[PDB]
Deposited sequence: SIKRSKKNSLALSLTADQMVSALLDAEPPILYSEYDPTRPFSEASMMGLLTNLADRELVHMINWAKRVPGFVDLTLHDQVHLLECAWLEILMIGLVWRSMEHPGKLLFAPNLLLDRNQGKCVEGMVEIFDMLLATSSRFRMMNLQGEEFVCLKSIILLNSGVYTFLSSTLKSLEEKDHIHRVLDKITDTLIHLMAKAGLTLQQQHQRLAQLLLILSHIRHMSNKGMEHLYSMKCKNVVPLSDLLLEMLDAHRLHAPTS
């Protein structure tokens, strides 16, 4: 276990090194034109998420069917947490891509969407409130990948422990009091439950979209959705 013997400091750097790139929308509005852009975008992000996941410590140890399960479980949660991250310094807006910045009422296009919109904006606001750091974020994102599919199956937990240690050392380094440390850690883990909820709602409106034939989904996306 190479990932088990990393310092907090070299854990944070790997995660940082492995951050996926920001992609552009193929943007040039309708329920269909919205879901197209979003589908096209998601579809290309997934490809990089897979690369990123492969660079997450401990992940590459697991078997292939294990890594598969973890990804088909986590994928929309991972996209959404990346969306909220990207969207932080745009109050009231969601930045899908540098060239694709939506405000809430571009949502009303797609019954299903304003509800989730608002869930994501509240999370965005929350992350801004606590002033999430990029270092804490890459940790958050890895917990999500490693936790989200863990029980729907020891090493994973070992890894999740390191990630917790990392998280705490960053808070100590930021100057947080020991009491502040565990309250912050906690309120961040508490947000994961909101991300999961948001992902479950999104997965479901997505499935109704596939069924109403609003847009064609990519083959990778059919496989992902199918898993749920």
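- Message: List the gaps, meaning deposited-sequence segments with no CA coordinates, ordered along the sequence.
- Response: Unobserved in coordinates, per deposited numbering: 1-8, 37-40, 166-176, 252-258.
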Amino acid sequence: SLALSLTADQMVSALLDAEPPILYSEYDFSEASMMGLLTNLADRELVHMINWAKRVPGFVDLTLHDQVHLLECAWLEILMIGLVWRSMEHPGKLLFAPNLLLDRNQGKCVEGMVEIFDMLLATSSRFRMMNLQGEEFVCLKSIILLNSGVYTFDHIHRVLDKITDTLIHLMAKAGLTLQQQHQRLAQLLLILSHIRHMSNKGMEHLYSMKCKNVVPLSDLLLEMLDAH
From here on, numbers count along this sequence of modelled residues.
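- Does a third or more of the other compared entries skip modelling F153? Result for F153: often missing, at least a third of the compared entries.
- Message: If you average the CA temperature factors as listed in the entry, which stretch comes out higher, 137-145 or 96-104?
- Response: Comparing 96-104 with 137-145, the higher average CA B-factor belongs to 96-104.
- Task: Could you check the entry and say whether 51-59 or 180-188 has the higher mean CA B-factor?
- Result: According to the entry, 51-59 carries the higher average C-alpha B-factor.
- Compare the CA B factors listed in the entry for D118, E72, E77, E111 and report the winner. That would be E111, according to the entry.
- Query: Based on what the PDB entry reports, which of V215, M11, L220, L23 has the top C-alpha B-factor?
  - Reply: That would be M11.
- Third of the chain's Cα B-factor distribution that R86 belongs to, per the entry: For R86, the deposited C-alpha B-factor lands in the lowest third.
- What third of the chain, by the recorded C-alpha B-factor, contains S30? According to the entry, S30 has a C-alpha B-factor in the chain's highest third.
- Query: Should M171 be placed in the lowest, middle or highest third of its chain by the C-alpha B factor in the entry?
  - Reply: Within its chain, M171 is a middle-third residue by C-alpha B-factor, going by the deposited values.
- Query: If you rank the chain by CA B-factor, which third does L160 end up in: lowest, middle or highest?
  - Reply: Its C-alpha B-factor belongs to the middle third of this chain's values.
- Message: Based on the deposited C-alpha B factors for this chain, I'd like to know if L64 is in the lowest, middle or highest third.
- Response: Highest third of the chain for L64's C-alpha B-factor.
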